[PDB]
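In the entry's author numbering, the protein residues as written are 1 to 58.
We treat Cβ as the ideally placed atom computed from N, Cα and C, and that holds for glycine.
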């Protein structure tokens, strides 16, 4: 039963929340996977960034 983040986790979690073209479903798909493997936070960010870029204008 956790109360608090970790220093790389909070960075990725804020950053994935900050993306506007991301869905209330998609967001959880990177965040949940971040709780699972925080060592790859950089690469989970790269997916959320890419999917926001897919759901942007042309």
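Excluding the five sequence neighbours on either side, which residues of its own chain have a C-beta within less than 7 angstroms of the C-beta of residue 21, listed in chain order?
52, 55, 56
DSSP state of residue 57, grouped into three classes?
coil
Check for me: the alpha helix (DSSP H) holding residue 4 runs from which residue to which?
No alpha helix (DSSP H) holds residue 4; DSSP gives it neither H nor E.
For the alpha helix (DSSP H) that contains residue 33, what are its first and last residues?
26-36
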